[PDB]
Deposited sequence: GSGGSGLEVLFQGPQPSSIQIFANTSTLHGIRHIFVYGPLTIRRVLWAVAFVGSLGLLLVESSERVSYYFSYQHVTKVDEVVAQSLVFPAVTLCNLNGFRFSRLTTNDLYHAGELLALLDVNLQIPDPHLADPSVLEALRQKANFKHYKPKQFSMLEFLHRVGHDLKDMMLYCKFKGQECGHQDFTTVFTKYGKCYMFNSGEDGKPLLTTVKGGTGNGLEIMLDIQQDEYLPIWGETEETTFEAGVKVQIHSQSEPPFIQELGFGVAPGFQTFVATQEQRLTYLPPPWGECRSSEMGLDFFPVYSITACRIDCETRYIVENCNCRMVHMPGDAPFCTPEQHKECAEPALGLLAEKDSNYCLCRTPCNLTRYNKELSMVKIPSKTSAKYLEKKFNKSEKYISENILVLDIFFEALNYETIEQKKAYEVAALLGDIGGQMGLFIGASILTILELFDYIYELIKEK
């Protein structure tokens, strides 16, 4: 009888009278309903714990964008003219100007003019060496922006090498525009188009490039600059993320601000010894640095730390094969996950010829250079925003707990009419039968 009596209950049961009946279908109809509720409620919980996301892509008109950092590097790291005898001593083998015995490799195939200058400076049989510092070396021999930069406009106003910042990188002594160093307030763009961005004309000084001759294992046949457009929060990794600019063209880099937002685990993979602010580039440098200061007790020039600078002795026989080993052989010493908030810059590249006929003469005059030189050494580079807007890409949580309840809640309502309390009511009644 008690069962008959518990049918003031909230779950839905005509399965308890005094006499057995016609209506045993309710037994099935209820067991049926209960079945589905359990099937479908599982799915919803299963899915909830799958901790999915979905993507929200907007594009937002803006009154101004913050102009990014532009790092740029000559493909040539060391000017030939500026190599000293002391330099050719330590760095000689490194720059591939000298064989292991400190002597000019295949003298008969060398440029006459090159061999003249190397014979003058590389007589090491009797040489008493002097102290040498890879950083001091690079600072002195690396291409000079003062020399390289023929003009600089930003938003149509004049600029100069005083708006750039020396920044060492696997390419040597490089220059970063709008770096923000010394907390100077970052430059901003206020109009789209080629006109109102960064515009620089460069002489890449192609006749200071290290010479290549004879039976060399070298393939450094290329001339121009590498360039990374990158947010001021992240260091340049121009090694990998650079794009080429070629001489004899005005290259247009039309850019858009991208504002990524990622979710932490368990939805996504969101979330440093040497850098205050975290970056993928930042970690991957910090990682490189830590593994070399460990296995080589020096650091390279582009790395941070207070460690001692890797001598060309070390660079050759230690640190270069150490990186050779880091990538291909040894799983990441540090694998580096995405930051949560971050800003990317999307580039479209187009080009027009420089110089035109009607300017060729002017340029030859102004700069005291041959028609040839201008046409194999000069480029113009425009970085600029296509229009005043950023794109937002956010990862949004797919199914939060409140929505799970509303779904299991409505599913219960549909099949049984049950609440939490309905179940409690039943458990109370079974605990009373014991």
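- Several segments of the deposited sequence have no coordinates for C-alpha: 1-21, 293-297, 461-463, numbered from the first residue.
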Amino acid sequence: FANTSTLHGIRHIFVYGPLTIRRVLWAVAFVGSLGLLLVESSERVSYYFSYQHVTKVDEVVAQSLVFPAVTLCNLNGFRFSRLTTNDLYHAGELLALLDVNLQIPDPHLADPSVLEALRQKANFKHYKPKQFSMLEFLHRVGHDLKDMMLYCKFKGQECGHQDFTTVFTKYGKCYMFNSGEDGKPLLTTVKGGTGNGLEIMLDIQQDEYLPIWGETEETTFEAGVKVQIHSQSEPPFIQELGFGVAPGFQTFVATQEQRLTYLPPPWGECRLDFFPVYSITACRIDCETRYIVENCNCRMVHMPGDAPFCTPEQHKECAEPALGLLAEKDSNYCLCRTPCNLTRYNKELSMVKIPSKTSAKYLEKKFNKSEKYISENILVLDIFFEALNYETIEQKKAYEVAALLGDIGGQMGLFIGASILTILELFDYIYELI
From here on, numbers count along this sequence of modelled residues.
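- Set 312-320 against 164-172 and average the Cα temperature factors; 312-320 ends up higher.
- Comparing the deposited coordinates for 323-331 and 146-154, the stretch with the larger average C-alpha B-factor is 323-331.
- In this structure the maximum Cα B-factor among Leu94, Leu272, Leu72, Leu342 is found at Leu272.
- The PDB entry assigns its highest CA temperature factor, among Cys298, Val253, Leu118, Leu98, to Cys298.
- Ranked within its chain, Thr20 lands in the highest third, by CA B factor from the PDB record.
- In the PDB entry, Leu202 places in the lowest third of its chain by CA B-factor.
- Ranked by C-alpha B-factor against the other modelled residues of its chain, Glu391 falls in the middle third.
- Compared with the other modelled residues of the chain, the Cα B-factor recorded for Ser359 ranks in the highest third.
- Compared with the other modelled residues of the chain, the Cα B-factor recorded for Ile212 ranks in the middle third.
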